[PDB]
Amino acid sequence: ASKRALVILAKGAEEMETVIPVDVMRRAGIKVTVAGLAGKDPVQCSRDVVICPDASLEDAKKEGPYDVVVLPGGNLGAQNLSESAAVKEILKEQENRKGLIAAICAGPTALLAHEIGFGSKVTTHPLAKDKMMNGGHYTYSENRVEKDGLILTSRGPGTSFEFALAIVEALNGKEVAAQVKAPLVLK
């Protein structure tokens, strides 16, 4: 049947880093659940775009497992993910079940907070590098997208299409990723 993604949407999330992965995954035929960290109520993003979640995280985490857990960035959004006991338990489980975790821009700092994928090669946004590398628990990469086994990281809004297509390729293969890429008019 279809592959399944969980996108965790926290107050202060980067809206582009949220919507690009959600839309590109849905174009690939992935069943995506946009799950509000704080419940099912609309979420105010970093630039004040308000997105209505499909479900609360409390509900969506009962409808697992998921083929991928997706962590957008945003300074406050990543801080909120990093502080959530609920997110820690979901990432821990995903890691334990050899499930893909994907985090973009500041999003990877929530991996550090929840002690997820220690020893992985990761990228982040340049401004999040010092936070991510505090305590030297990862190897740093300048790749626009970095995939080290089941830890997939990316750098910013401008790598969001590459990040999303890398998730599609990982879940559905090269051919589906090429079909979704074709009408996007990427450079």
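One-based numbering along the sequence shown.
*Asks:* For the stretches 158-166 and 140-148, which has the higher mean C-alpha B-factor as given in the deposited record?
*Replies:* Higher mean C-alpha B-factor in the PDB entry: 140-148.
*Asks:* Mean CA B-factor: is it higher for 1-9 or for 177-185?
*Replies:* Stretch with the higher mean C-alpha B-factor: 1-9.
*Asks:* Among the choices 61, 125, 47, 26, identify the one whose CA B-factor in the record is greatest.
*Replies:* By C-alpha B-factor in the record, 61 ranks first.
*Asks:* Specify which of 38, 34, 51, 70 carries the largest Cα B factor in the deposited PDB entry.
*Replies:* That would be 38, according to the entry.
*Asks:* Would you mind checking where the Cα B-factor of residue 103 ranks among the modelled residues of its chain, as the lowest, middle or highest third?
*Replies:* Lowest third of the chain for residue 103's C-alpha B-factor.
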